[PDB]
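Spelled out from the first residue to the last, the chains are:
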Amino acid sequence: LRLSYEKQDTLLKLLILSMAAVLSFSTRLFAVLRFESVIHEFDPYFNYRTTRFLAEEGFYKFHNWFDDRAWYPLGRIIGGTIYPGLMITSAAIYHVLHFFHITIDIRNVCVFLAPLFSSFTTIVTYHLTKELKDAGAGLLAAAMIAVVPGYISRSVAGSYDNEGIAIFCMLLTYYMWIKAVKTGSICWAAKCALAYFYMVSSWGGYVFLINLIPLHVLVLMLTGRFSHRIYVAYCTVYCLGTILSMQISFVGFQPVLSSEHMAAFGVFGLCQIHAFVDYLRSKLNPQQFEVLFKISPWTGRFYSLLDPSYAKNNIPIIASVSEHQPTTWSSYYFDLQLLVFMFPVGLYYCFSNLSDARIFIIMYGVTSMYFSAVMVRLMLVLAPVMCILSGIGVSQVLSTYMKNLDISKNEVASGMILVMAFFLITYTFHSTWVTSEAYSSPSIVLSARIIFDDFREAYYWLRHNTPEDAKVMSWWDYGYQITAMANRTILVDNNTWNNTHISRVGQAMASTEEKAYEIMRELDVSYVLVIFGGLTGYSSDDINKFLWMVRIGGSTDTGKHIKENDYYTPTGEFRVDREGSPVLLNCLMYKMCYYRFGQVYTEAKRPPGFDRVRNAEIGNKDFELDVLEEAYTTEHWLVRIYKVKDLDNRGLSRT
Amino acid sequence: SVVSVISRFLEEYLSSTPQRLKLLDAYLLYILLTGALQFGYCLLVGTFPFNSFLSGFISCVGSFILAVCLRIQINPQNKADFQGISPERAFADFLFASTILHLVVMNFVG
Amino acid sequence: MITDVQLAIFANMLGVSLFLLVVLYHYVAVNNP
Amino acid sequence: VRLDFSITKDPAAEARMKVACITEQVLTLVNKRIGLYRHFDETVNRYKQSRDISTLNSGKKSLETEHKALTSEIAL
Amino acid sequence: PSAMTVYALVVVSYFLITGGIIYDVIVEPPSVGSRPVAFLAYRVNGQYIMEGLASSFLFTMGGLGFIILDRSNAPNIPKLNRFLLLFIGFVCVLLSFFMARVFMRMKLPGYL
Amino acid sequence: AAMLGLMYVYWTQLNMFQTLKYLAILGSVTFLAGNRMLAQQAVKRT
Ligand SMILES: CC(=O)N[C@H]1[C@H](O[C@H]2[C@H](O)[C@@H](NC(C)=O)[C@@H](OP(=O)(O)OP(=O)(O)OC/C=C(\C)CC/C=C(/C)CC/C=C(/C)CC/C=C(/C)CC/C=C(/C)CC/C=C(/C)CC/C=C(/C)CCC=C(C)C)O[C@@H]2CO)O[C@H](CO)[C@@H](O[C@@H]2O[C@H](CO[C@H]3O[C@H](CO[C@H]4O[C@H](CO)[C@@H](O)[C@H](O)[C@@H]4O)[C@@H](O)[C@H](O)[C@@H]3O)[C@@H](O)[C@H](O[C@H]3O[C@H](CO)[C@@H](O)[C@H](O)[C@@H]3O[C@H]3O[C@H](CO)[C@@H](O)[C@H](O)[C@@H]3O[C@H]3O[C@H](CO)[C@@H](O)[C@H](O[C@H]4O[C@H](CO)[C@@H](O)[C@H](O[C@H]5O[C@H](CO)[C@@H](O)[C@H](O)[C@H]5O[C@H]5O[C@H](CO)[C@@H](O)[C@H](O)[C@H]5O)[C@H]4O)[C@@H]3O)[C@@H]2O)[C@@H]1O
Ligand SMILES: CCCCCCCCCCCCCC(=O)O[C@H](COC(=O)CCCCCCCCCC)COP(=O)(O)OCC[N+](C)(C)C
Ligand SMILES: CCCCCCCCCCCCCC(=O)O[C@H](COC(=O)CCCCCCCCCC)COP(=O)(O)OCC[N+](C)(C)C
Ligand SMILES: *[C@@H]1O[C@H](CO)[C@@H](O[C@@H]2O[C@H](CO)[C@@H](O)[C@H](O)[C@H]2NC(C)=O)[C@H](O)[C@H]1NC(C)=O
Ligand SMILES: Cc1cnc(NC(=O)c2cc(S(=O)(=O)N(C)C)ccc2N2CCCC2)s1
Ligand SMILES: [Mn+2]
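- Header annotation of the entry names cryo-EM as the structure determination method and lists the resolution as 3.61 Å.

Structure follows, in structure tokens:
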């Protein structure tokens, strides 16, 4: 009342912003209230085990670092193969607290760093949208960003992966570029180069930034809107950004001799070839001017995003992961509700008033949408831009219907604000439900309250009851955990940087017992860890993914007898019952995944030796492993650890 | 046959251009020449140390581009696209960008 | 600690209040003198 | 806040600031004057005034109006 | 040129993409129910062609409705035409936002 | 001039953790003096 318009306005903007921030930080906090604060899934177990070694030992003792506890015979270098972004933002955030005598743990400032960086995303989004248009349509973006279900899936409290901290860097870089294009100041461009540098060091998806920018300038150059502002900004950002990007040891000399970063360069030369021509035309006349008138190819990984079928045909490892398939009508709406509708309206409102800044948002939305269409995992990029577009659209509708009200036809004018409020509420509800029920489930804690924590008990056993120089060999999926929890030297890791060693391990499985033993001697493997999952109903059994093992071991020069369409039955169906193919019933994988199993009564009224996951009886009821004596089998038979026997003493053929 | 126009253009650019702006062009030519020499020596011998030549060449392309940016902003004629960017706030910005560029060049070179 | 249900209810209430407040802010914005 | 860190000083920008500050002083003075005059008229003219307190209130209101006129002349 | 003639193309591509055309082409799903049931039982991302194109069309309507609404507000429009245009926009908005929700519930029983 | 000299003293001897602090100090001194001189110049130009 008595408060002036200024004070009221700013106190409302501040209130709403603070509330949005708290909302975002307190909605990705479900996996912690239910189960204790522990990092989850296959990747966050490596980033953690690296940030920890970078905390105690100074940065200079981590830039170069040879980890001889992964790919045992080979050994992988962690110093120059990983983007050191997350580890230096977490080490710094931990060191500052220690300097302030907070003395927090390194496993507690490393779990709550995704939600914290999803509380700074809100502010950056609010500004990135307070630039394209009025503050009025900026807040409406922040709150929607706070509770966007697709983004929340990759940034819950416990997912220490460079994917909930990458979006923040992308937004900051875009805000810097938008400011540079809007104003043209050298300083702003610089402050963008720096953001790109802090983004090329944390997220492997920085090719987007050196491919949307050239696209943006090309469009701002084909329609005839290329002024000196864009020229100055682009050139400065290019130079500084590329030189900064080359610093990182992992990137090396990629920006200058690769076909992924050839866009920026081409647009640079076509920028000059344009500015100079304009200058010449200004100082000349039509008549005289008329008179005068090694590089590597597209790497398969990034090429798979263009051709959506290249993966299936050629790369037999990128198609394995579930989250590598095209998105359906049931993923877009499930993760983004009411945003999908808002996207066309936001586009239309942009296309209505083209400007230097907007022609960038439209390009980003058009590209990101297609990239999300090809692969479900890319939904990271899509949700923020869609949210920004949604913010620019609902607000416009509200603004259009906010002036018609007599206080500021009346019934029709209200009908819109009321419908919009109802849609916003429905969106908040659906977002909370999606975060709660589904996108929040601990990976290593199979639960139905009954808790199955075998994935931890077996690793702890390994870590405590094996010689300090074991060689636990398991599928590349579990490499990150075994080295962070079991603390052994797993033969294959999750980076899959050698497609012959992994093929080797594949061959060692789904083969005759002899061949397997022979392959399990060159690498000096001792223990063997297979995730049975049959007795508990686990969906992702080792047998379930055993097709990938047979299809990635028989695709190299070393082994070809393992050809597919041989483990199948005459009718080509993968049945693991008594009528299955004889070779299948004899491979090392199955032989070590159903050993002394055709006796347990898994179900009330079923044949003794039943399998819950495949709903079929076992074929090889009783057999004795020749080389693999048993060593441990967890209470629920969820993870079985065997141990390769040594060469026979008397030199007999067996064992 | 096409030299008359070139000479006329140069003459024009030697009367219609204010001082304290030609000097910028001279320094720009200097950078363009040091870059040309660098590239020529690279072609003549090839590159054993790649990061050495690459960062002893960017350290010139970046400077050249910063100089051109300063000439653009300083130019009074081009004071419609840039609003509120006084010449002093352009020179200081150029100095800051140059400092970053040189620091990174020093870090990258051997 | 805090029951999951409690946190969900708090999230719902906060989100609804934040959206109503955003609408109110749009009304105040248009009404500028 | 106490650090200017500005290379170029523009007169119109500072003029707007000063005019807004003056308009704030004036609005506060008008609000205070209306509150005072109304309170004096309500607390001194209930049933008996004797033309003594009313004269003092009129003098105070004239002084306030004179100060507001001086501030308006200064801003003009 | 013709800046709008581009927004039309973009909207058409958006309709084709949000109907999972990439999924259809990559992994051909039979557009049939095994009495035919259009929607898949429980898979979060399992698209039959009928579930896809039909769901997408709804989103496109859920966008054109708003565009029609905002366009109607333009002044100097006869009341007879304005009323019809606003009616169409409201019907498209409400109908798309309810049909999509019902479709989602049907595809994934236990929703909300 | 000292800032540029440092750009050479960080080549031979120093590491990226001592050069940065020195720059953080010399640059600040350069910035404050520069700003003052630039303001004076701007006033004189008008
Ligand atoms: C499956 C697969 O693949 N995988 C993979 C993996 O993966 C992974 C990953 O990684 C991970 N990650 C991490 C981080 O970890 C994960 O990931 P994730 O999950 O995913 O996560 P993230 O990432 O984060 O996230 C993700 C997300 C996503 C991404 C998202 C996305 C989104 C988006 C959006 C995207 C986008 C897309 C796109 C496409 C874009 C687009 C856009 C748009 C818009 C569209 C549009 C379009 C367009 C185009 C546009 C257009 C536009 C326009 C405008 C138009 C245009 C216009 C125009 C005009 C144009 C123009 C034109 C022109 C210009 C023409 O996870 C995953 C999984 O798990 O990874 C891995 C890695 O690790 C990988 O692996 C790798 O690989 C590689 C390659 O490969 C190779 O190989 C192959 C095969 O074969 C072979 O191999 C095998 C096996 O191995 C065998 O067996 C066989 O036999 C054979 O042999 C081949 O083929 C190829 O070729 C290749 O070769 C490799 O390499 C690697 O390896 C490596 O590594 C390993 C481990 O690490 C190791 O072990 C090994 O050994 C190796 O190592 C190496 O390397 C390293 C690094 O690399 C290092 O460190 C080491 O040491 C070594 O090194 C060495 O060697 C090398 C060889 O190469 C060399 O090179 C080096 O050297 C270098 O370096 C160094 C350092 O480093 C240096 O030193 C040097 O330098 C030096 O020397 C030189 C000589 O010359 C000189 O020069 C210089 O100077 C020196 O320097 C020195 O020195 C001086 C005195 O002297 C001083 O001064 C200074 O200082 C110093 O420095 C250099 O050179 C050495 O030697 C592996 O393996 C896998 O694969
Ligand atoms: C999902 C994939 C679907 C593919 C769809 C591709 C569309 C994505 C490109 C988005 C770019 C939007 C920018 C844009 O459209 O600019 C508009 C319209 O003017 C033009 O832009 C004309 C050129 C349009 C294409 C320019 C880039 C082409 C592809 C980029 C490499 C500006 O037009 P104006 O120049 O403002 O209007 C003038 C028209 N007169 C009649 C007056 C002459
Ligand atoms: C927001 C922007 C900042 C984001 C920070 C993100 C962290 C990324 C750092 C990744 C490290 C890349 C590799 C690297 O830094 O090189 C290290 C030197 O190591 C370092 O110095 C790391 C310093 C990290 C902070 C740098 C601030 C960047 C400001 C640019 C002016 C090696 O340098 P030195 O080992 O010191 O060189 C020794 C020999 N010389 C003669 C060459 C001096
Ligand atoms: C994981 O196992 C390794 C192998 O023993 C442990 O590394 C040893 O750590 C102790 C620290 O008390 C050192 O004194 C030894 O020298 C290390 N071993 C070797 C071979 O160098 C490591 O500590 C274990 N990780 C834990 C316990 O967290
Ligand atoms: C089995 C796997 C699971 N996850 C994996 N990692 C990638 O697939 C991947 C990695 C990079 S990268 O930047 O790390 N590159 C190594 C420099 C880029 C793109 C990538 N994919 C995005 C779409 C197709 C390729 S492999
Ligand atoms: Mn990751």
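Back to the write-up after that little detour.
So, the packing of helix α18 (residues 339–352) of chain A against helix α1 (residues 3–18) of chain E
Helix packing geometry: the angle between the two helix axes and the distance between the axes.
Consideration 1: For the pair α18 of chain A and α1 of chain E, the least separation of the axes is 10 Å and the interaxial angle reads 165°. Accordingly, the angle class assigned to the pair α18 of chain A and α1 of chain E is roughly antiparallel. When you trace α18 of chain A past α1 of chain E, the crossing you get is right-handed. Contacts between α18 of chain A and α1 of chain E involve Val340, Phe343, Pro344, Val345, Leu347, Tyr348 and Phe351 of chain A from the former and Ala3, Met4, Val6, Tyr7, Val10, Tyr14 and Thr18 of chain E from the latter.
Consideration 2: Residue composition of the contact of α18 of chain A with α1 of chain E, by class: 13 nonpolar, one polar and no charged.

Some points on the state of the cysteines
Consideration 1: Applying the stated criterion across every chain yields a total of zero disulfides over all chains.
Consideration 2: The closest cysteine sulfur to the non-disulfide-bonded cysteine 587 of chain A is located on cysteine 593 of chain A, 9.4 Å from its own sulfur.

So, the UniProt feature "transmembrane region" in chain B
Residues and elements named next belong to chain B.
Consideration 1: In this numbering, the UniProt entry assigns the feature "transmembrane region" to residues 28–48, 50–70 and 90–110.
Consideration 2: For residues 28–48, helix accounts for 86% and strand for 0%, while the C-alpha atoms at its two ends are 29 Å apart.
Consideration 3: Between the first and last C-alpha atoms of residues 90–110 the distance is 32 Å; the span itself is 90% helix and 0% strand.

Thoughts on helix α22 (residues 454–464) of chain A
Residue and element names in this part refer to chain A.
Consideration 1: Every buried residue of α22 is listed here: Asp454, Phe455, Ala458, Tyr459, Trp461 and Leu462. The buried residues of α22 all sit within an arc of 155° when viewed along its axis, so they share a single face.
Consideration 2: Those residues of α22 that are buried are in contact with β4 (451–452), α23 (479–484), β5 (527–530), β8 (628–633) and β9 (640–644).

Section: the environment of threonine 435 of chain A
Consideration 1: Within the secondary structure, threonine 435 of chain A sits in helix α21 (residues 410–437).
Consideration 2: Classification of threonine 435 of chain A by relative accessible area gives buried; the value is 3%.

Focus on the interface of chain E and chain A
Consideration 1: Taken together, the 48 residues of chain E in the interface contact 42 residues of chain A.
Consideration 2: Around 4,400 Å² of area is buried between chain E and chain A when both sides are counted, 79% of it from carbon and sulfur atoms.
Consideration 3: The largest contributions to the chain E side of the interface with chain A come from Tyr14, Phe66 and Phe97 of chain E, which together make up 17% of the buried area.
Consideration 4: Counting the contacts that link chain E with chain A gives zero salt bridges.
Consideration 5: Across the chain E-chain A interface, the total number found is six residue pairs in polar contact.
Consideration 6: Listing elements by their share of the side of chain E that touches chain A, those giving two or more residues are α1, α2 (21–26), α3 (49–72) and α4 (79–107) of chain E.
Consideration 7: It is α4 of chain E that provides the largest number of residues to the side of chain E that touches chain A, a total of 13 residues.
Consideration 8: Partitioned by chemical class, the residues of the side of chain E that touches chain A number 29 nonpolar, 13 polar and six charged.

Some words on the pattern of salt bridges
Residues and elements named next belong to chain A.
Consideration 1: On inspection of all chains with the given rule, the structure shows 22 salt bridges over all chains.
Consideration 2: Here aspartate 134 makes a salt bridge to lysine 133, at a shortest N to O gap of 2.3 Å.
Consideration 3: Across the pair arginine 377 and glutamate 163 runs a salt bridge, and its minimum N-O distance is 3.0 Å.
Consideration 4: Its relative accessible area of 34% is what places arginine 377 among the partly exposed residues.
Consideration 5: Connected through shared salt-bridge partners, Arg575, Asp577, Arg578 and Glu579 make up one network.

Regarding a nonpolar patch on the surface
Residue and element names in this part refer to chain E.
Consideration 1: Together, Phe83, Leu84, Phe87, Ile88, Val91, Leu95 and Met99 line one region of the surface with nonpolar side chains, adding up to about 620 Å² of accessible area.
Consideration 2: Its location among the elements puts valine 91 in helix α4.
Consideration 3: Residue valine 91 is classed as partly exposed on the basis of its relative accessible area of 31%.

Some remarks on the site of ligand 5
Residue and element names in this part refer to chain A.
Consideration 1: In the vicinity of ligand 5, the contacting residues are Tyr83, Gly204, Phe250, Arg301, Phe302, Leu305, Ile317, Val321, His324, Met375 and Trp476.
Consideration 2: Residue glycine 204 places a main-chain N or O atom 3.3 Å away from an oxygen atom belonging to ligand 5.
Consideration 3: The separation between a nitrogen atom of ligand 5 and a polar side-chain atom of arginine 301 is 3.3 Å.
Consideration 4: In isolation ligand 5 exposes 590 Å². Once the protein is present, 75% of that is buried.
Consideration 5: Class assignment of the residues belonging to the shell around ligand 5 gives a composition of eight nonpolar, two polar and one charged.

Some points on the site of ligand 3
Consideration 1: Taken together, the neighbourhood of ligand 3 is formed by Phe59, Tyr60, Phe197 and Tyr198 of chain A, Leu103 and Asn107 of chain B together with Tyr10, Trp11, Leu14, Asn15 and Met16 of chain F.
Consideration 2: At the site occupied by ligand 3, nearby residues are drawn from chains A, B and F.
Consideration 3: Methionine 16 of chain F places a polar main-chain atom, nitrogen or oxygen, 2.9 Å from an oxygen atom of ligand 3.
Consideration 4: Considered on its own, ligand 3 offers 970 Å² of accessible surface; in the complex 72% of this is hidden by protein.
Consideration 5: Where the shell around ligand 3 is concerned, the elements lending two or more residues are α4 (87–108) of chain B together with α1 (2–12) of chain F.
Consideration 6: When the residues that make up the shell around ligand 3 are grouped by side-chain class, the tally is nine nonpolar, two polar and no charged.

Quick word on the coordination of the manganese ion (ligand 6)
For a metal with four donors in a tetrahedral arrangement, the ideal angle between donors is 109.5 degrees, while six donors in an octahedron ideally sit at 90 or 180 degrees.
Consideration 1: Ligation of the manganese ion (ligand 6) by protein atoms is provided by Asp43 of chain A (OD), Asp161 of chain A (OD) and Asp161 of chain A (OD), these donors lying 2.1 to 2.4 Å from the ion. One end of the pair, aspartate 43 of chain A, is in the loop between α2 (30–34) and α3 (44–56); the other, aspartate 161 of chain A, is in the loop between α8 (149–153) and α9 (166–183), with 118 residues separating them in the sequence.

Brief notes about the interface of chain A and chain C
Consideration 1: Contacts between chain A and chain C engage 37 residues on the former and 29 residues on the latter.
Consideration 2: Summing the contributions of chain A and of chain C, the shared interface buries around 3,000 Å²; its carbon and sulfur component is 81%.
Consideration 3: Connecting chain A to chain C are one salt bridge.
Consideration 4: The residue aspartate 4 of chain C makes a salt bridge to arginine 34 of chain A at a minimum N-O spacing of 2.4 Å.
Consideration 5: In this structure, the connection of chain A to chain C is made through four residue pairs in polar contact.
Consideration 6: Secondary-structure elements contributing two or more residues to the side of chain A that touches chain C are α1 (5–25), α2, α7 (136–146), α20 (379–403) and α21 of chain A.
Consideration 7: It is α1 of chain A that provides the largest number of residues to the side of chain A that touches chain C, a total of ten residues.

What about the nonpolar core?
Across soluble globular proteins, you tend to see nonpolar side chains buried next to one another.
Residues and elements named next belong to chain A.
Consideration 1: Membership of the largest hydrophobic core comes to 198 residues, with the highest contact counts inside it found for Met170, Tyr174, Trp177 and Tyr234.
Consideration 2: The element contributing the most residues to this core is α20, with 16 residues.
Consideration 3: The next biggest cluster of nonpolar side chains, apart from the first, holds 50 residues, and it includes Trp476, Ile562, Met592 and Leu625.

Structural notes on the sheet that holds β9 of chain A
Residue and element names in this part refer to chain A.
Consideration 1: Taken in spatial order, the three strands make up an open sheet running β5-β9-β8, and their pairing is antiparallel. The two strands at the open ends of the sheet, each matched to only one other strand, are β5 and β8. Put simply, the sheet's adjacent strands are angled 30° from each other on average, direction ignored.
Consideration 2: In this sheet, β9 lies alongside β8 in antiparallel orientation, the contact comprising five bridges. Bridging across to β9, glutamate 630 finds its partner in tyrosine 642.

Focus: the packing of aromatic side chains
Consideration 1: One pass over the structure, following the stated rule, counts 61 aromatic pairs over all chains.
Consideration 2: Ring centres of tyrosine 590 of chain A and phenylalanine 623 of chain A lie 6.3 Å apart, and the angle between their planes is 40°; on these two criteria the pair is classed as tilted. Here the residue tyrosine 590 of chain A occupies a position in helix α27 (residues 588–591), and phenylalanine 623 of chain A occupies one in the loop between β7 (616–617) and β8, the gap between them amounting to 33 residues. For the pair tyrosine 590 of chain A and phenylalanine 623 of chain A, one class covers both residues: buried.
Consideration 3: Joined through ring pairs, the aromatic side chains of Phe532, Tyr590, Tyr594, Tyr595, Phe597, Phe623, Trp637 and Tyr642 of chain A make up one cluster.
Consideration 4: Here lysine 191 of chain A stacks its cationic end above the ring of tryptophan 188 of chain A, 5.3 Å away from the centre of that ring.
Consideration 5: Cation over ring: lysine 294 of chain A sits above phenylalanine 50 of chain B, and NZ or CZ is 5.8 Å from the ring centre.

About the thresholds
- Residues numbered from 1 in each chain as written, not as in the entry; some residues may be left out.
- Chains lettered and ligands numbered in written order.
- Part of a larger assembly, values for the part shown.
- Heavy atoms only, no water.
- Residues with missing side-chain atoms left out of burial classes, pairs and counts.
- Axes fitted to C-alpha atoms, helices over the stretch in contact; angles between N-to-C directions.
- Helix = DSSP H or I, 4+ residues; strand = E, 2+ residues; numbered from the N terminus.
- Parallel < 35°, antiparallel > 145°, perpendicular 65-115°, else oblique.
- Left-handed = near helix turned anticlockwise from the far one by under 90°.
- Contact = heavy atoms within 4.5 Å.
- Nonpolar A, V, L, I, M, F, W, Y, C, P; charged D, E, K, R; others polar.
- Disulfide = S-S within 2.5 Å.
- UniProt positions renumbered as here; feature names shortened; annotations may be inferred.
- Buried < 20%, exposed > 50% of the residue type's maximum accessible area, 1.4 Å probe, protein only.
- Arc of directions from axis to C-beta.
- Buried area = accessible area lost by both parts, 1.4 Å probe.
- Salt bridge = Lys/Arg side-chain N within 4 Å of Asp/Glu carboxyl O.
- Polar contact = N/O pair within 3.5 Å; in protein donor to acceptor, adjacent residues only side chain to side chain.
- Patch = residues over 30% accessible without salt bridge, like charges linked within 9 Å, V, L, I, M, F, W, Y side chains within 5 Å.
- Areas by Shrake-Rupley, 256 points an atom, 1.4 Å probe, with all protein chains shown as cover.
- Near = heavy atom within 4 Å.
- Donors = N, O, S within 2.8 Å, 3.2 Å for Na, K, Ca; no water.
- Core = buried A, V, L, I, M, F, W, Y, C linked by side-chain atoms within 4.5 Å.
- Pairing = 2+ DSSP bridges.
- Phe/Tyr/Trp six-rings, centres within 6.5 Å; stacked < 30°, edge-to-face > 60°.
- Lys NZ or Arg CZ within 6 Å of the ring centre and 35° of its normal.

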